[PDB]
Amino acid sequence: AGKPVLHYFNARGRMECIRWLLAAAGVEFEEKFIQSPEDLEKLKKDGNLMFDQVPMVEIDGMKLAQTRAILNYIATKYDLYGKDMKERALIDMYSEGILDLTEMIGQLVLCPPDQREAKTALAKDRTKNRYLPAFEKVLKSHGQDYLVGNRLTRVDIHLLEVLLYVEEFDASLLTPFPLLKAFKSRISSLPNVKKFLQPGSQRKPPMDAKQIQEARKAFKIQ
């Protein structure tokens, strides 16, 4: 049970939020990449994936599948899940909004070409008029350095991570939000985070059109 083992393709996808959480907690981990459909098949057939899906993480003797379940477990284990019921409620509400924002932006690459522009316009609108203002408001409401409980929790990490993708999506979206900029800088300066951001870490890059098309093809899954 030394280092947790992360089962996923060699890409961000749904496993990146988990890599971010482990890195932030300073927890060393290994990765076993699914490079071929045959790799994915073996995992399923061997009974390692409860729903024949990844993310799957081997940790503390479990074969834990489902992103949210992996995150909640890691967050609790390393005291990054607040101190009680009420703090976890704020943490979960904020985190679900961030996961929604992450999916809205990330799914654009899979949109049918004829729907892509409209979907992209809607995503930019939601990002700048619904999500960014919501988080800027949280920070303003209490003036604290962290989102919840005046101390670092998993959602501070989730927010930094999604702001990076917002910056990749459209850098002008962040301009109107001073507190979030300040927050991004603060979280980025934490030792474990800075280290994960530097070149050479297990942090993953975005995938380009050709890659996406090629990878999604060889595996074929509806």
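Just count from 1 along the sequence shown to find any residue number.
Engineer: Got a sec? Mean C-alpha B-factor, which is higher, 169-177 or 184-192?
Structural biologist: Comparing 184-192 with 169-177, the higher mean C-alpha B-factor belongs to 169-177.
Engineer: Out of 201-209 and 10-18, which one has CA B-factors that are higher on average in the deposited record?
Structural biologist: Looking at the record's C-alpha B-factors, the answer is 201-209.
Engineer: Which listed residue, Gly82, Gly97, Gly143, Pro113, has the largest C-alpha temperature factor in the record?
Structural biologist: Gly82 has the highest C-alpha B-factor of those listed.
Engineer: Which listed residue, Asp52, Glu58, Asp156, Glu28, has the largest C-alpha temperature factor in the record?
Structural biologist: Across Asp52, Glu58, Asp156, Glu28, the entry lists the biggest C-alpha B-factor for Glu28.
Engineer: Sort the modelled residues of this chain by their C-alpha B factor and say whether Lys63 lands in the lowest, middle or highest third.
Structural biologist: Middle third of the chain for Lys63's C-alpha B-factor.
Engineer: Give the position of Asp92 by CA B-factor within its chain, expressed as the lowest, middle or highest third.
Structural biologist: It belongs to the lowest third of the chain when residues are ordered by C-alpha B-factor.
Engineer: C-alpha B factor of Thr120, ranked within the chain: lowest, middle or highest third?
Structural biologist: Within its chain, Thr120 is a middle-third residue by C-alpha B-factor, going by the deposited values.
Engineer: Looking at the temperature factor on the CA atom of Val109, which third of the chain's modelled residues does it land in?
Structural biologist: Tercile = highest for this residue's CA B-factor.
Engineer: Lowest, middle or highest third: which one holds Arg126 when the chain's residues are ordered by CA B-factor from the entry?
Structural biologist: Within its chain, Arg126 is a lowest-third residue by C-alpha B-factor, going by the deposited values.
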